[PDB]
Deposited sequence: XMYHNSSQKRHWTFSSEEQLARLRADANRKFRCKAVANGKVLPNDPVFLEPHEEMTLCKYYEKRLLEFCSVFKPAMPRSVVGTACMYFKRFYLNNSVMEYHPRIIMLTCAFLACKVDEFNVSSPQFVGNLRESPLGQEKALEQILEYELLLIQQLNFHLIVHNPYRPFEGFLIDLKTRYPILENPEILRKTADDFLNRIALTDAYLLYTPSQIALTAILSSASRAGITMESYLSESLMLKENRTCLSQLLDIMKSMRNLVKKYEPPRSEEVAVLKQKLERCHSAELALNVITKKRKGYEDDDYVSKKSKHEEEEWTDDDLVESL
């Protein structure tokens, strides 16, 4: 359960500043290791962030076409693993191409989506030799990924809280005559929220409720009474105010998200390839 989970205790952070601090620390530590081992060869933390966004999109596309079909929980777990790993690690030390596949592999194991290694590597778009090489790399990085997750493998996704909120709305909020009409758009918003750092900053229930209320507002439907009376937030004014502030901050996170750009991504990929081949 989330309320006493390892995700809440160790992997839900206070602000975007803390995440930026962790990523900057990882980049600085790798730079120090490289300097003490042996310049424009180093990637800047914002460049690392752009590469991480690009490879999270690649992980999404990999899971979309995966056969047998991946359940959404596995995809969310893999994306969470990717984000958590690159909170404390540099893409210059471990290539995100291998790391995203390792995250998918571990997520398949953790969420009990039983697939064998040959069918996992058959989904990779490569010649056979490439598939065996990728499998060997994934096997080598599985333990490292588990270590860098601090052995915290259970990930709580917003999908079940979303379904629970839909049930509760259908049961106790008759003003919204058919809550199913809120589904599609809400799901869209969920996906957008998945592209930001909100998964490291807010609870799954908060993310799901924010998506639902954003869908309702987009449809011109006002639902503050659901929070006020149905969720009993009239007995605690500061609770309702804080929940509204959390939702507004999450919406602002979605608003200020900037997708990676193709030319910049190509330049940064060349830089990353140079950095890995030079080491």
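A.B. asks: What ranges of the deposited sequence, counted from 1, have no C-alpha atoms in this structure?
C.D. replies: Gaps in the modelled chain, taken against the deposited sequence, lie at 1, 40-44, 286-324.
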